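Okay, model.cif now, which holds mmCIF, C-alpha atoms:
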data_coords
#
loop_
_atom_site.group_PDB
_atom_site.id
_atom_site.type_symbol
_atom_site.label_atom_id
_atom_site.label_comp_id
_atom_site.auth_asym_id
_atom_site.auth_seq_id
_atom_site.Cartn_x
_atom_site.Cartn_y
_atom_site.Cartn_z
ATOM 1 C CA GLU A 895 0.000 0.000 0.000
ATOM 2 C CA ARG A 896 2.698 2.514 1.015
ATOM 3 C CA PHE A 897 4.543 2.017 -2.292
ATOM 4 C CA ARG A 898 1.336 2.139 -4.345
ATOM 5 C CA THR A 899 0.314 5.301 -2.464
ATOM 6 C CA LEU A 900 3.535 7.132 -3.442
ATOM 7 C CA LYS A 901 3.492 5.958 -7.061
ATOM 8 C CA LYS A 902 -0.198 6.906 -7.386
ATOM 9 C CA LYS A 903 0.284 10.443 -5.996
ATOM 10 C CA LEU A 904 2.900 11.049 -8.668
ATOM 11 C CA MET A 908 -2.284 14.945 -7.673
ATOM 12 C CA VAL A 909 1.105 16.268 -6.462
ATOM 13 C CA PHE A 910 0.532 19.688 -8.090
ATOM 14 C CA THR A 911 -2.368 20.506 -5.797
ATOM 15 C CA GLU A 912 -0.581 19.085 -2.761
ATOM 16 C CA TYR A 913 2.451 21.299 -3.422
ATOM 17 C CA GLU A 914 0.606 24.409 -4.536
ATOM 18 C CA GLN A 915 -1.432 24.389 -1.289
ATOM 19 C CA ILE A 916 1.556 24.585 1.109
ATOM 20 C CA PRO A 917 2.341 28.102 2.483
ATOM 21 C CA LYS A 918 5.675 29.539 1.287
ATOM 22 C CA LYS A 919 6.668 30.957 4.657
ATOM 23 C CA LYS A 920 5.781 31.337 8.318
ATOM 24 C CA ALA A 921 2.784 33.627 8.728
ATOM 25 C CA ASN A 922 4.315 35.813 11.470
ATOM 26 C CA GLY A 923 7.947 35.563 10.336
ATOM 27 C CA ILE A 924 10.506 38.009 11.705
ATOM 28 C CA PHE A 925 13.688 38.890 9.777
ATOM 29 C CA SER A 926 15.025 42.055 11.378
ATOM 30 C CA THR A 927 18.763 41.546 10.786
ATOM 31 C CA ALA A 928 18.339 40.258 7.218
ATOM 32 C CA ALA A 929 16.153 43.297 6.464
ATOM 33 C CA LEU A 930 18.810 45.855 7.469
ATOM 34 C CA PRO A 931 19.937 47.918 4.479
ATOM 35 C CA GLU A 932 23.567 46.972 5.260
ATOM 36 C CA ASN A 933 22.685 43.276 4.800
ATOM 37 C CA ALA A 934 20.822 43.641 1.497
ATOM 38 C CA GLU A 935 23.986 43.118 -0.582
ATOM 39 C CA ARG A 936 24.836 39.987 1.453
ATOM 40 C CA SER A 937 21.773 38.202 0.029
ATOM 41 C CA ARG A 938 21.971 36.711 -3.465
ATOM 42 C CA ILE A 939 18.209 36.846 -3.869
ATOM 43 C CA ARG A 940 16.902 39.650 -1.687
ATOM 44 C CA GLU A 941 13.538 38.024 -1.089
ATOM 45 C CA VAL A 942 14.971 34.825 0.376
ATOM 46 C CA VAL A 943 16.284 35.483 3.892
ATOM 47 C CA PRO A 944 16.610 33.657 7.220
ATOM 48 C CA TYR A 945 14.124 34.114 10.050
ATOM 49 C CA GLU A 946 15.647 36.010 12.953
ATOM 50 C CA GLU A 947 15.364 33.261 15.572
ATOM 51 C CA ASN A 948 17.398 30.635 13.667
ATOM 52 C CA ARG A 949 19.704 32.609 11.364
ATOM 53 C CA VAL A 950 23.322 31.518 11.644
ATOM 54 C CA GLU A 951 24.997 34.156 13.806
ATOM 55 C CA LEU A 952 28.633 34.893 12.996
ATOM 56 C CA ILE A 953 30.933 36.478 15.552
ATOM 57 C CA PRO A 954 30.680 40.134 14.560
ATOM 58 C CA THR A 955 33.590 41.840 12.798
ATOM 59 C CA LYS A 956 34.323 45.458 11.930
ATOM 60 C CA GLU A 957 32.976 45.093 8.379
ATOM 61 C CA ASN A 958 30.089 42.767 9.376
ATOM 62 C CA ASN A 959 28.799 44.197 12.646
ATOM 63 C CA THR A 960 25.676 42.022 12.910
ATOM 64 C CA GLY A 961 27.580 38.863 11.913
ATOM 65 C CA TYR A 962 25.057 38.315 9.142
ATOM 66 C CA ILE A 963 25.129 35.548 6.590
ATOM 67 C CA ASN A 964 22.159 34.334 4.576
ATOM 68 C CA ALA A 965 21.953 30.966 6.264
ATOM 69 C CA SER A 966 19.484 29.119 8.506
ATOM 70 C CA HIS A 967 19.775 26.410 11.149
ATOM 71 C CA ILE A 968 17.400 23.597 10.123
ATOM 72 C CA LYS A 969 16.802 21.165 12.976
ATOM 73 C CA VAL A 970 14.434 18.203 12.748
ATOM 74 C CA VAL A 971 13.931 15.344 15.181
ATOM 75 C CA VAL A 972 12.526 12.119 13.738
ATOM 76 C CA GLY A 973 11.736 9.809 16.633
ATOM 77 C CA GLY A 974 15.006 9.858 18.561
ATOM 78 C CA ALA A 975 17.173 10.928 15.616
ATOM 79 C CA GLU A 976 18.191 14.588 15.358
ATOM 80 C CA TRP A 977 19.192 16.237 12.099
ATOM 81 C CA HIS A 978 20.931 19.608 11.891
ATOM 82 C CA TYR A 979 21.596 21.323 8.575
ATOM 83 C CA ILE A 980 22.722 24.796 7.737
ATOM 84 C CA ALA A 981 20.805 25.817 4.590
ATOM 85 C CA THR A 982 22.532 28.720 2.862
ATOM 86 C CA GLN A 983 22.933 30.508 -0.457
ATOM 87 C CA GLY A 984 25.731 30.004 -2.959
ATOM 88 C CA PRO A 985 28.397 32.371 -1.670
ATOM 89 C CA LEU A 986 28.847 35.734 -3.404
ATOM 90 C CA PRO A 987 32.264 37.090 -4.352
ATOM 91 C CA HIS A 988 32.000 39.374 -1.325
ATOM 92 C CA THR A 989 30.675 36.752 1.135
ATOM 93 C CA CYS A 990 33.193 33.902 0.693
ATOM 94 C CA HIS A 991 35.007 34.950 3.867
ATOM 95 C CA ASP A 992 31.640 34.951 5.737
ATOM 96 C CA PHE A 993 30.981 31.482 4.395
ATOM 97 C CA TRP A 994 34.290 30.077 5.657
ATOM 98 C CA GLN A 995 33.864 31.857 9.025
ATOM 99 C CA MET A 996 30.518 30.085 9.328
ATOM 100 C CA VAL A 997 31.987 26.679 8.429
ATOM 101 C CA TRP A 998 34.736 27.242 10.977
ATOM 102 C CA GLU A 999 32.581 28.531 13.857
ATOM 103 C CA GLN A 1000 29.890 25.883 13.361
ATOM 104 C CA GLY A 1001 32.376 22.965 13.271
ATOM 105 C CA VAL A 1002 31.230 21.930 9.812
ATOM 106 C CA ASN A 1003 33.045 19.000 8.190
ATOM 107 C CA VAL A 1004 30.779 18.513 5.136
ATOM 108 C CA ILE A 1005 29.425 20.892 2.497
ATOM 109 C CA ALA A 1006 26.804 19.641 0.020
ATOM 110 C CA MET A 1007 26.732 21.986 -3.000
ATOM 111 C CA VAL A 1008 23.729 21.120 -5.163
ATOM 112 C CA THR A 1009 24.595 23.281 -8.144
ATOM 113 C CA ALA A 1010 27.225 24.167 -10.695
ATOM 114 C CA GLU A 1011 28.795 27.615 -10.286
ATOM 115 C CA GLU A 1012 27.240 28.743 -13.583
ATOM 116 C CA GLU A 1013 24.230 27.254 -15.366
ATOM 117 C CA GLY A 1014 22.897 28.456 -18.733
ATOM 118 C CA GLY A 1015 25.175 31.495 -18.528
ATOM 119 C CA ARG A 1016 23.688 32.509 -15.164
ATOM 120 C CA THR A 1017 25.741 32.653 -11.944
ATOM 121 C CA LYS A 1018 24.531 30.316 -9.179
ATOM 122 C CA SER A 1019 27.524 30.347 -6.821
ATOM 123 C CA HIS A 1020 30.948 31.920 -6.598
ATOM 124 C CA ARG A 1021 33.942 29.606 -6.633
ATOM 125 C CA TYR A 1022 34.783 29.721 -2.914
ATOM 126 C CA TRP A 1023 37.270 26.835 -3.016
ATOM 127 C CA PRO A 1024 40.531 26.713 -4.965
ATOM 128 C CA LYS A 1025 40.328 26.071 -8.725
ATOM 129 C CA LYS A 1029 50.155 25.583 -9.911
ATOM 130 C CA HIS A 1030 48.822 26.721 -6.529
ATOM 131 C CA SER A 1031 46.131 24.681 -4.780
ATOM 132 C CA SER A 1032 45.333 27.231 -2.064
ATOM 133 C CA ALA A 1033 43.430 30.453 -1.608
ATOM 134 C CA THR A 1034 42.829 32.596 1.451
ATOM 135 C CA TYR A 1035 39.325 33.995 2.052
ATOM 136 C CA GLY A 1036 39.577 36.587 4.808
ATOM 137 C CA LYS A 1037 41.184 34.806 7.759
ATOM 138 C CA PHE A 1038 40.852 31.257 6.311
ATOM 139 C CA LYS A 1039 43.325 29.491 4.065
ATOM 140 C CA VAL A 1040 41.711 26.738 2.013
ATOM 141 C CA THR A 1041 43.810 24.101 0.268
ATOM 142 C CA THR A 1042 42.440 21.613 -2.218
ATOM 143 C CA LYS A 1043 44.008 18.218 -1.578
ATOM 144 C CA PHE A 1044 42.253 15.569 -3.662
ATOM 145 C CA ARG A 1045 39.175 15.032 -5.777
ATOM 146 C CA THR A 1046 37.135 12.056 -6.946
ATOM 147 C CA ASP A 1047 34.830 12.741 -9.886
ATOM 148 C CA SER A 1048 31.883 10.368 -10.085
ATOM 149 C CA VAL A 1049 30.423 12.172 -13.161
ATOM 150 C CA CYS A 1050 27.047 12.964 -11.472
ATOM 151 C CA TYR A 1051 28.924 14.497 -8.541
ATOM 152 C CA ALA A 1052 32.438 15.112 -7.272
ATOM 153 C CA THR A 1053 33.959 14.858 -3.808
ATOM 154 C CA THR A 1054 36.826 17.207 -2.970
ATOM 155 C CA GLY A 1055 38.956 17.076 0.189
ATOM 156 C CA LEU A 1056 39.810 20.542 1.473
ATOM 157 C CA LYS A 1057 42.120 21.566 4.286
ATOM 158 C CA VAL A 1058 40.880 24.693 6.055
ATOM 159 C CA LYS A 1059 43.319 26.647 8.239
ATOM 160 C CA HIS A 1060 42.270 29.370 10.659
ATOM 161 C CA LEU A 1061 45.209 31.689 10.191
ATOM 162 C CA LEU A 1062 44.887 33.424 13.595
ATOM 163 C CA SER A 1063 45.267 30.191 15.593
ATOM 164 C CA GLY A 1064 47.032 27.975 13.040
ATOM 165 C CA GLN A 1065 44.438 25.240 13.645
ATOM 166 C CA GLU A 1066 43.373 23.096 10.679
ATOM 167 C CA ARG A 1067 40.390 20.961 9.738
ATOM 168 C CA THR A 1068 39.523 18.720 6.826
ATOM 169 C CA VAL A 1069 36.321 19.782 5.098
ATOM 170 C CA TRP A 1070 34.666 17.529 2.529
ATOM 171 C CA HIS A 1071 33.026 19.310 -0.397
ATOM 172 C CA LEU A 1072 30.421 17.209 -2.205
ATOM 173 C CA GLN A 1073 29.201 18.880 -5.394
ATOM 174 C CA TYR A 1074 26.243 17.507 -7.385
ATOM 175 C CA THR A 1075 26.865 18.390 -11.012
ATOM 176 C CA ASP A 1076 23.982 16.622 -12.814
ATOM 177 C CA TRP A 1077 21.147 19.142 -12.277
ATOM 178 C CA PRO A 1078 19.954 20.395 -15.685
ATOM 179 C CA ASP A 1079 19.390 24.060 -16.518
ATOM 180 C CA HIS A 1080 15.600 23.545 -16.391
ATOM 181 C CA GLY A 1081 13.393 21.050 -14.572
ATOM 182 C CA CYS A 1082 14.938 18.197 -12.575
ATOM 183 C CA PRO A 1083 17.477 15.429 -13.164
ATOM 184 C CA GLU A 1084 16.493 12.503 -15.364
ATOM 185 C CA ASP A 1085 19.030 10.267 -13.593
ATOM 186 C CA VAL A 1086 17.253 9.717 -10.284
ATOM 187 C CA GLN A 1087 19.767 6.954 -9.410
ATOM 188 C CA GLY A 1088 22.666 9.450 -9.609
ATOM 189 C CA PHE A 1089 20.944 11.732 -7.091
ATOM 190 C CA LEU A 1090 20.361 8.767 -4.757
ATOM 191 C CA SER A 1091 24.076 7.955 -5.115
ATOM 192 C CA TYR A 1092 24.898 11.567 -4.212
ATOM 193 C CA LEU A 1093 22.738 11.199 -1.083
ATOM 194 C CA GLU A 1094 24.609 7.974 -0.270
ATOM 195 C CA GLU A 1095 27.927 9.820 -0.611
ATOM 196 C CA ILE A 1096 26.752 12.496 1.818
ATOM 197 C CA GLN A 1097 25.625 9.777 4.260
ATOM 198 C CA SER A 1098 29.036 8.050 3.900
ATOM 199 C CA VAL A 1099 31.017 11.213 4.483
ATOM 200 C CA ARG A 1100 28.922 12.354 7.425
ATOM 201 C CA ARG A 1101 29.485 8.955 9.049
ATOM 202 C CA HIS A 1102 33.259 8.907 8.624
ATOM 203 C CA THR A 1103 33.693 12.550 9.657
ATOM 204 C CA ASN A 1104 31.658 11.852 12.846
ATOM 205 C CA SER A 1105 33.261 8.488 13.682
ATOM 206 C CA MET A 1106 35.214 9.794 16.686
ATOM 207 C CA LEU A 1107 31.935 11.030 18.241
ATOM 208 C CA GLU A 1108 30.435 7.518 18.228
ATOM 209 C CA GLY A 1109 29.504 6.415 21.760
ATOM 210 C CA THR A 1110 29.735 9.955 23.142
ATOM 211 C CA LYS A 1111 27.190 12.670 23.922
ATOM 212 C CA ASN A 1112 29.123 15.131 21.747
ATOM 213 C CA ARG A 1113 26.782 17.089 19.468
ATOM 214 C CA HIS A 1114 27.079 16.134 15.803
ATOM 215 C CA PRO A 1115 27.911 19.249 13.792
ATOM 216 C CA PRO A 1116 25.585 20.478 11.065
ATOM 217 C CA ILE A 1117 26.324 19.827 7.405
ATOM 218 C CA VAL A 1118 26.087 22.825 5.133
ATOM 219 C CA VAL A 1119 23.709 22.503 2.186
ATOM 220 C CA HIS A 1120 23.606 25.149 -0.544
ATOM 221 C CA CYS A 1121 22.470 25.810 -4.067
ATOM 222 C CA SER A 1122 21.856 29.320 -5.484
ATOM 223 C CA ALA A 1123 19.389 30.943 -3.044
ATOM 224 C CA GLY A 1124 19.558 28.005 -0.587
ATOM 225 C CA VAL A 1125 15.894 26.969 -0.858
ATOM 226 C CA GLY A 1126 15.074 25.098 -4.095
ATOM 227 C CA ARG A 1127 17.516 22.266 -4.659
ATOM 228 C CA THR A 1128 18.723 22.708 -1.073
ATOM 229 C CA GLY A 1129 15.145 21.835 -0.021
ATOM 230 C CA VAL A 1130 15.059 18.875 -2.387
ATOM 231 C CA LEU A 1131 18.201 17.428 -0.818
ATOM 232 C CA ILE A 1132 17.080 17.959 2.783
ATOM 233 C CA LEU A 1133 13.523 16.717 2.243
ATOM 234 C CA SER A 1134 14.822 13.671 0.352
ATOM 235 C CA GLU A 1135 17.303 12.719 3.095
ATOM 236 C CA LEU A 1136 14.664 13.120 5.814
ATOM 237 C CA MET A 1137 11.925 11.230 3.957
ATOM 238 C CA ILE A 1138 14.318 8.408 3.052
ATOM 239 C CA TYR A 1139 15.102 8.117 6.756
ATOM 240 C CA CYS A 1140 11.361 8.097 7.520
ATOM 241 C CA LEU A 1141 10.814 5.348 4.948
ATOM 242 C CA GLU A 1142 13.731 3.252 6.266
ATOM 243 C CA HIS A 1143 12.289 3.408 9.797
ATOM 244 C CA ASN A 1144 8.572 3.321 8.902
ATOM 245 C CA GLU A 1145 7.971 6.708 10.532
ATOM 246 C CA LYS A 1146 4.451 8.093 10.088
ATOM 247 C CA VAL A 1147 5.307 11.394 8.432
ATOM 248 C CA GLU A 1148 3.711 12.726 5.246
ATOM 249 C CA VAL A 1149 5.938 14.436 2.632
ATOM 250 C CA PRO A 1150 3.914 17.720 2.586
ATOM 251 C CA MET A 1151 3.946 17.871 6.384
ATOM 252 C CA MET A 1152 7.725 17.471 6.441
ATOM 253 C CA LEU A 1153 7.947 20.281 3.855
ATOM 254 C CA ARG A 1154 5.793 22.504 6.096
ATOM 255 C CA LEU A 1155 8.174 21.773 8.972
ATOM 256 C CA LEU A 1156 11.114 22.831 6.778
ATOM 257 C CA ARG A 1157 9.429 26.046 5.654
ATOM 258 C CA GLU A 1158 8.847 26.985 9.291
ATOM 259 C CA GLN A 1159 12.664 27.024 9.530
ATOM 260 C CA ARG A 1160 13.573 28.530 6.154
ATOM 261 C CA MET A 1161 11.123 30.232 3.805
ATOM 262 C CA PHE A 1162 10.420 28.965 0.297
ATOM 263 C CA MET A 1163 12.070 25.494 0.620
ATOM 264 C CA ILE A 1164 11.420 23.633 -2.685
ATOM 265 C CA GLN A 1165 10.525 26.274 -5.283
ATOM 266 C CA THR A 1166 8.993 24.294 -8.148
ATOM 267 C CA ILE A 1167 6.551 21.457 -8.809
ATOM 268 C CA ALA A 1168 9.283 19.727 -10.800
ATOM 269 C CA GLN A 1169 11.488 19.837 -7.682
ATOM 270 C CA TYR A 1170 8.702 18.517 -5.470
ATOM 271 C CA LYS A 1171 7.776 15.763 -7.941
ATOM 272 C CA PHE A 1172 11.503 14.871 -8.065
ATOM 273 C CA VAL A 1173 11.483 14.217 -4.297
ATOM 274 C CA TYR A 1174 8.674 11.712 -4.876
ATOM 275 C CA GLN A 1175 10.636 10.137 -7.736
ATOM 276 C CA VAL A 1176 13.624 9.817 -5.416
ATOM 277 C CA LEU A 1177 11.538 8.120 -2.712
ATOM 278 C CA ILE A 1178 9.923 5.724 -5.194
ATOM 279 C CA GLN A 1179 13.307 4.722 -6.648
ATOM 280 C CA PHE A 1180 14.725 4.275 -3.151
ATOM 281 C CA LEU A 1181 11.887 1.863 -2.328
ATOM 282 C CA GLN A 1182 12.345 0.059 -5.667
ATOM 283 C CA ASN A 1183 16.071 -0.318 -4.916
ATOM 284 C CA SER A 1184 15.082 -1.776 -1.532
#

Take the structure in the file and give it back as structure tokens.
Amino acid sequence: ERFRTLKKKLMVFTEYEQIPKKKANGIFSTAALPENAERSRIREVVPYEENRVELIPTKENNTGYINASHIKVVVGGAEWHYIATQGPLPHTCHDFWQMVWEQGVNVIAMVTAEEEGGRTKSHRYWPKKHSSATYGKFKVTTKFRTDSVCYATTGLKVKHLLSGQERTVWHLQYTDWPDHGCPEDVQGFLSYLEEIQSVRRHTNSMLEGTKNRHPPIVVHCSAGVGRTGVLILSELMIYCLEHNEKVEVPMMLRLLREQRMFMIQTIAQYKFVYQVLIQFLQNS
């Protein structure tokens, strides 16, 4: 029945179109400040005040503003923490790396190419003879890369220049999203999700059997809501399916939109989540 229910739905237009885009009484005071307008790629997509990612203020960035949201979801006993953010701008790369540093992030899931159809989606905030670049106070060095065609996994070393401390950050870039619509290769997106799962596990291995808080993974696309929402909703719903949790897809999307406005921007994106879930169940 469960499988037949998902396949049948794929009716989804009305289900999607009915879900509110944002919290009714949303507050976004810091994001709305004129000084923070230029820090948003798409002005209309901003974090709610209560769960924006707060950077330690600096002289140039006195509110410690970055267009990024803490997304926290508990499913049964399991707790998920993502930071959903925009593709960095040329003038926010240093903010991005400050965030990754301060939040203890080990994994970045970038669900976009830098440029698509001649349109900029994200700045190149990791190194392209020299394999390093310094963004503000953070030196980033590209160490290795595995290209799996649909996606590529790059190992980065990030050094906080003030303290000399270093961390490995894993950068997982999905490269198969077409200019319009959604990927035809659903299997490749599932494999990308598997790669994220793999990397999160190995980066958190030394926390196993402790009460240490698992750090968030960063998820971004262009504005940090469309494909970013697809990834997060897919991971959560796959978990729900694996553990037979009684959670409906549209209700989980509502929960996500209460934490970051506009998550999942198109019907094609929403339908794609269903395609991902159906293929996951078929694979199982």

(Q) To test your reading of the syntax: which residues would the PyMOL selection byres ((chain A and resi 1076-1082) around 8) return for the file shown? Reply as an MDAnalysis selection string. (A) chainID A and resid 1008:1009 1013:1014 1049:1051 1074:1075 1083:1084 1088 1168:1169 1172

Those same residues, written as an mmCIF file, in the frame of the given file with C-alpha atoms?
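Output contents, as saved in result.cif:
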data_model
loop_
_atom_site.group_PDB
_atom_site.id
_atom_site.type_symbol
_atom_site.label_atom_id
_atom_site.label_comp_id
_atom_site.auth_asym_id
_atom_site.auth_seq_id
_atom_site.Cartn_x
_atom_site.Cartn_y
_atom_site.Cartn_z
ATOM 1 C CA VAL A 1008 23.729 21.120 -5.163
ATOM 2 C CA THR A 1009 24.595 23.281 -8.144
ATOM 3 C CA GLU A 1013 24.230 27.254 -15.366
ATOM 4 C CA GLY A 1014 22.897 28.456 -18.733
ATOM 5 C CA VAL A 1049 30.423 12.172 -13.161
ATOM 6 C CA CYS A 1050 27.047 12.964 -11.472
ATOM 7 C CA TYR A 1051 28.924 14.497 -8.541
ATOM 8 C CA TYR A 1074 26.243 17.507 -7.385
ATOM 9 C CA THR A 1075 26.865 18.390 -11.012
ATOM 10 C CA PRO A 1083 17.477 15.429 -13.164
ATOM 11 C CA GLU A 1084 16.493 12.503 -15.364
ATOM 12 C CA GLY A 1088 22.666 9.450 -9.609
ATOM 13 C CA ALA A 1168 9.283 19.727 -10.800
ATOM 14 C CA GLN A 1169 11.488 19.837 -7.682
ATOM 15 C CA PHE A 1172 11.503 14.871 -8.065
#

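Checking A:925, A:998, A:1044, A:945 one by one against residue 1067 (chain A), counting all atoms listed in the file, you find the shortest gap at A:998.
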
Q. Near region 1144-1152 of chain A, counting only C-alpha atoms, which residues have an atom at most 8 Å away, once you skip same-chain residues fewer than 4 positions from it, shown as a PyMOL selection string?
A. chain A and resi 912-913+916+972-973+1133+1137+1140+1156

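The gap separating CA of residue 1159 (chain A) from CA of residue 903 (chain A) is 25.9 Å, in Å to one decimal.
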
Q: Would you kindly translate the PyMOL selection byres ((chain A and resi 928-940) around 10) into the concrete residues it picks from this file, as a ChimeraX atom specification?
A: /A:924-927,941-946,949,958-965,982-989,992,1018-1019,1122-1124

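With only C-alpha atoms as the atoms that count, the residue of A:1001, A:1142, A:1073, A:1091 with the shortest distance to residue 1112 (chain A) is A:1001.
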
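Rounded to one decimal, CA of residue 1015 (chain A) and CA of residue 1127 (chain A) lie 18.3 Å from each other.
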
Q: Go through the shown structure with the PyMOL selection byres ((chain A and resi 921) around 12) and write out the matching residues as a PyMOL selection string.
A: chain A and resi 916-920+922-924+945+1154+1157-1159+1161
